[PDB]
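Single chain ahead, by itself, as structure tokens, in the form deposited without the partner chain.
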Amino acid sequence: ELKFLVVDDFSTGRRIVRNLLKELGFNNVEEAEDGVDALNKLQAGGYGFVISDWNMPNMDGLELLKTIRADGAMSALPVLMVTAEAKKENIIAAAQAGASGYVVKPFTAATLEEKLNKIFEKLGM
């Protein structure tokens, strides 16, 4: 199925998210640790979705978004932003950078589910 990219400098969170996808039925889930680790991986292609945390060393989440969009060969990539807290000014900054969406961690498997479907609802799937 789709090759998701889960980006997070926290082993645990990449574990949780990786598992919410599998328990949701998405097996092809590779992972990255920061904006840089992601970009280098995405640059090979074949990746169809990107979920990434916000705070990250080398290149944070909002930058990784600004960079993916600004690359023709990755402009069209959905990008779920994994925030922490509530309705932080971030949300609008993710919107500003054209985030395909955002989830406030911790999020249940069903919340990921509700989120991705709306993303797939907007694009198509």
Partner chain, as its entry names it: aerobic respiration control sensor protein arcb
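Positions refer to the first chain, counted from 1.
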Of 23-31 and 48-56, the one with larger mean CA B-factor: 23-31
81-89 or 67-75, whichever carries the higher mean Cα B-factor: 81-89
Identity of residue with top Cα B-factor, from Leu116, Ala109, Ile16, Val103: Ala109
Chain-wide C-alpha B factor ranking for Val7, given as lowest, middle or highest third: lowest
Where the record places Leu42 (Cα B-factor, split into thirds across the chain): highest
CA B-factor ranking of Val36, expressed as a third of its chain: lowest
Modelled-residue ranking by C-alpha temperature factor, third containing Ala94: highest
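The same protein also exists as the form solved in complex with the partner chain; that form is not shown, yet it is the one meant from here on.
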4.5 Å heavy atom contact, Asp9 and the partner chain in the bound PDB entry: yes
Residues from 16-44 in contact with the partner chain (non-hydrogen atom within 4.5 Å) in the bound PDB entry: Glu33, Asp34
